[PDB]
Every structure is written in C-alpha cells, then in structure tokens.
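In the authors' numbering, the protein residues as written are 1 to 301, 315 to 337, 356 to 406, 409 to 463.
Structure follows, in structure tokens:
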C-alpha cells in the first residue's frame with residue numbers, strides 16, 4: 001500500500017523528486033502521452049489567445065491534428081456526478097507516469113503524489129501558523145517574482161495569487177451534504193446526473209467549494225480548464241479534493257451512487273508505460289482499490318427570485334428578490368475572462384452592504400466560457418448553496434422583514450476589463 005502525504009508534513013525528498021520528474025516530463029514532446037503537455041491536454045487543451053499564451057510554451061508545439069483529435073484530449077468531467085471518479089482516475093495514471101520517471105532516473109521506487117490541505121485554515125485545533133500556512137502555495141512552487149531556483153520546474157508564469165482567500169477553502173458545506181447525487185434537485189455532494197460532460201451544469205458541493213474557487217483564486221493557467229493541468233500545483237490541489245471524497249465517505253450513512261449509469265461508465269487514459277487504458281467508475285470507488293491511502297488530516301475525525322438575467326460588475330448594489356432549510360440557487364451563469372471568486376451576501380435593511388456578518392458563501396466561475404457556448410447546449414454554470422445558518426441569524430433581527438431580502442455578488446478582486454458575467458437567475462427556496 002502506498003501513502004499520499006500532506007505536503008506540509010513531508011520529511012522526505014517527495015517534492016525534490018517531483019520537480020525532477022516535471023522537468024523530465026516537460027522535456028518530452030507534446031505528442032508523447034507521457035509528456036507533461038499531453039497529460040495537461042487530457043484535462044483541457046485549446047489555442048484561442050488566452051489559452052495559447054500557455055500552450056505555445058509546450059515542447060514540440062503545435063501538436064499534430066492526429067493527437068488533438070485522438071479522443072484522449074479534452075476529456076475532463078466538469079459540472080457532473082462523474083467529476084470525482086474521473087479526477088481519481090486521471091490522478092492515478094499521472095502518478096504512475098511520474099513515479100516511473102523518478103524510478104528511471106535512479107530515484108525511489110514508490111513515489112506518491114502528496115496533497116495540499118488548504119482546508120487546514122479552518123482547523124481551530126491547529127496552531128495558527130499551521131492555519132495560515134495552509135492558505136499558501138508551498139514555497140517549492142516559487143513566488144510572484146519567479147521560480148524557486150532549487151525547484152525551477154514547479155513554477156509557472158502568471159499565477160495571480162500565491163496566498164488563498166480563506167472564504168475559498170471551507171470544507172464544511174461539502175462534508176455536510178448527505179446525498180452524493182439527487183434526482184430531486186435538492187443539494188448534492190458529488191454533482192448531478194449527466195452523460196459524458198466536459199462542461200456540465202450540475203456542479204456539486206465539493207466541485208463548487210473548495211475546488212472551483214481555488215482554481216479561479218490562484219488563476220493564471222489554473223483559472224481556465226483549457227490550461228489548468230499545466231500548473232504543477234494542479235495535481236496537489238486535486239489530491240486534496242480526492243482525499244475529501246474519501247473523508248466524506250467515512251461519515252456514517254454516506255455512499256456513492258449504486259446505479260449502473262454511474263458505476264459502469266468508462267474513461268480512457270494512458271498508463272505508466274504509455275499504453276492506452278480504460279477504467280470504469282466502479283474501479284475507483286475506494287483508494288485502496290488503486291493501492292493507495294491518505295494520511296489523516298483536518299476534516300477527518315421559490316419564495317424569492319430575480320426578475321431576469323443581470324451583470325455582475327466590480328460592485329453591484331444589492332438586488333431585490335421579488336417574493337412569490357433555505358437554499359440559494361445561482362443559475363445559468365455565462366460570460367468570459369479571468370474571473371475571481373464571487374462572494375455572496377444577503378442583506379435586509381435599506382443601506383446595508385455585504386460584510387462578514389452578511390456573507391453566505393462564494394462561487395467559482397471555473398469553465399464559464401466553455402459552459403456558455405453550444406457545441409454543451411450553452412446554458413452556463415449552475416450553483417446551489419445551503420444558507421440556512423446565515424438566514425436564521427438574520428431572521429432574529431428585530432427589524433427582519435421577509436419582503437426586504439436582497440442579494441449581492443461581489444468579486445473578491447477587481448475584474449480585468451475583458452471580464453463579463455451574466456447571471457441567469459438568483460432564487461431562494463425553502
């Protein structure tokens with residue numbers, strides 16, 4: 001059995017071998033399936049200008065049309081109950097390819113991918129140094145100023161943030177959900193029903209937070225599904241998400257979906273030896289089936318709607334909800368550009384503005400333009418949040434009035450000028 005470790009609890013040479021593996025994999029040709037570039041492209045690959053800035057750095061760029069259209073690229077499952085199993089499989093084969101490069105250069109035989117537990121920021125039992133550390137990209141990955149000279153390959157240009165906003169790493173909304181998927185449109189841990197979905201509209205709670213918001217917080221390559229897997233931090237992020245699935249299941253009465261439509265769906269990859277391979281969802285239902293465990297870390301152990322679609326700029330005024356467990360739904364979000372995570376507040380009084388006491392949650396517009404475009410029936414991203422706790426607070430204000438409920442959506446950082454966000458509908462349901 002191999003063990004995936006917490007990156008900030010490492011006492012071995014895991015990161016130094018990772019760096020050397022990335023350097024070797026980056027020196028391979030984009031058309032080679034064991035290359036850095038091909039592995040990235042399995043998640044997402046495109047050559048419109050904001051994507052091309054990254055991909056033209058690839059060794060051997062441009063790839064042959066036979067590679068592009070092989071059927072192995074642009075396979076990532078987003079907005080869908082397939083999200084978690086697909087990423088587990090993706091990880092598993094990447095780790096095989098990384099482990100083998102390490103073996104082949106004379107390194108250890110048993111290398112495993114560690115996880116970055118940004119969720120540790122919420123661990124009140126940890127020392128506040130451990131808490132604040134959790135929000136930082138590990139220092140082997142470089143800084144705004146450049147690579148760490150001793151691990152140069154772990155760096156990539158244009159990361160917008162090296163320290164996460166703590167709103168984006170709360171694991172409780174996901175852990176707290178009971179069902180993996182529902183049919184009833186009630187909330188789900190693992191996403192909603194779809195078929196094959198490269199840009200789905202059934203984002204589940206774990207996919208939403210911390211997953212999507214971490215991507216648009218770090219941003220750069222990481223902000224766009226067509227480039228994200230090029231960033232070496234991608235994999236440690238995903239190892240934590242993978243671990244959180246395992247942690248969820250360790251809660252009593254939690255289970256994955258039993259139905260065949262989920263269990264028997266197959267996805268294609270390439271193995272350590274660069275051979276085409278396939279697994280079924282059911283083949284990754286626990287990590288022990290794939291020969292790995294995680295070390296233990298923290299979490300372990315319509316009453317109202319908007320009357321039509323609207324923009325989210327830098328600082329909208331709070332928007333009235335037309336009144337007709357409480358769930359806030361944010362539907363059919365479309366647009367483009369390198370967004371930041373969107374903070375959400377509910378207000379009640381006439382000059383009230385979003386604040387720490389008002390705050391109900393945050394959404395990450397990861398994949399926004401892909402979901403906005405038909406090819409994808411183009412209906413945009415959809416999000417749902419349990420806000421029962423905040424609402425019940427506000428509800429015991431003396432001046433609480435149910436007809437004065439407003440919503441405000443505020444990006445965590447000022448938008449770049451080519452950003453556009455249109456929300457289809459915000460609604461509140463009970």
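C-beta: ideal position from N, C-alpha, C; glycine also.
Cβ atoms of residue 93 and residue 298 stay farther apart than 8 Å, at about 28 Å.
Taking a 10 Å sphere around the C-beta of residue 154, we find 16 or more other C-beta atoms and assign the residue as buried.
The distance from the Cβ of residue 169 to that of residue 115 is about 13 Å, inconsistent with a contact at the 8 Å cut-off. One alpha carbon belongs to residue 47, the other to residue 412, and they sit about 23 Å apart. For residue 93, the enclosing alpha helix (DSSP H) starts and ends at 83-104.
In this chain, residue 5 is not harboured by any beta strand (DSSP E), its DSSP state being neither H nor E. Taking every protein chain shown into account, the CB of residue 365 has 16 or more other CB atoms within 10 angstroms, so this residue is buried. Distance from the CA atom of residue 275 to the CA atom of residue 269, rounded to whole angstroms, is 8 Å. Here residue 405 carries a strand assignment [DSSP, helix/strand/coil]. Nearest to residue 132 by C-alpha distance, out of 162, 145, 107, is 162.
Within 10 angstroms of the beta-carbon of residue 356 lie fewer than 16 other beta-carbons, which makes it exposed. For residue 418, the closest of 258, 361, 333 by C-alpha to C-alpha distance is 361. Checking the DSSP bridge columns, you'll see residue 119 has no partner listed. Our two residues, residue 109 and residue 462, have alpha carbons roughly 53 Å apart in a direct line.
A residue is called buried once 16 or more other Cβ atoms fall within 10 Å of its Cβ, and residue 337, having fewer, is exposed. One alpha carbon belongs to residue 390, the other to residue 174, and they sit about 17 Å apart. In the DSSP secondary-structure assignment, residue 441 is bridged to 376. Contact check for residue 213 against residue 372 passes: the beta carbons are separated by less than 8 Å. Per DSSP, reduced to three states, the secondary structure at residue 18 is helical. In this structure the region 199-219 lies against the region 388-403, because at least three pairs of beta carbons, one per stretch, are closer than 8 Å. Taken in chain order, the complete alpha helix (DSSP H) segments of 4 or more residues contained in the region 136-191 are 172-175. Here residue 335 carries a strand assignment [DSSP, helix/strand/coil]. Here residue 15 is buried. Its C-beta has 16 or more other C-beta atoms within 10 Å. Look at residue 75 here: in three-state DSSP terms it is coil, with no helix or strand label. Going by beta carbons, residue 266 and residue 222 fall outside the 8 Å limit.
Per DSSP, the continuous beta strand (DSSP E) segment holding residue 460 begins and ends at 458-462. Per DSSP, residue 260 has no beta-bridge partner at all. Under the criterion of beta carbons closer than 8 Å, residue 335 and residue 194 do not qualify as touching, at roughly 30 Å. For the 8 Å CB-CB criterion, residue 56 and residue 242 do not form a contact. According to the DSSP assignment, residue 38 belongs to the alpha helix (DSSP H) that extends over 36-43. Judged by their CB atoms, residue 376 and residue 208 are not nearer to each other than the 8 Å cut-off. With a cutoff of 8 Å on beta-carbon distance, residue 250 and residue 458 are scored as not near each other. Around the beta carbon of residue 146, fewer than 16 other beta carbons sit within 10 angstroms, so the residue counts as exposed. Across the structure, residue 449 and residue 289 are spaced so that their CA atoms are roughly 45 Å apart. Per DSSP, reduced to three states, the secondary structure at residue 328 is coil, with no helix or strand assignment. Annotated as proximal: residue 324 and residue 454, with beta-carbon spacing under 8 Å.
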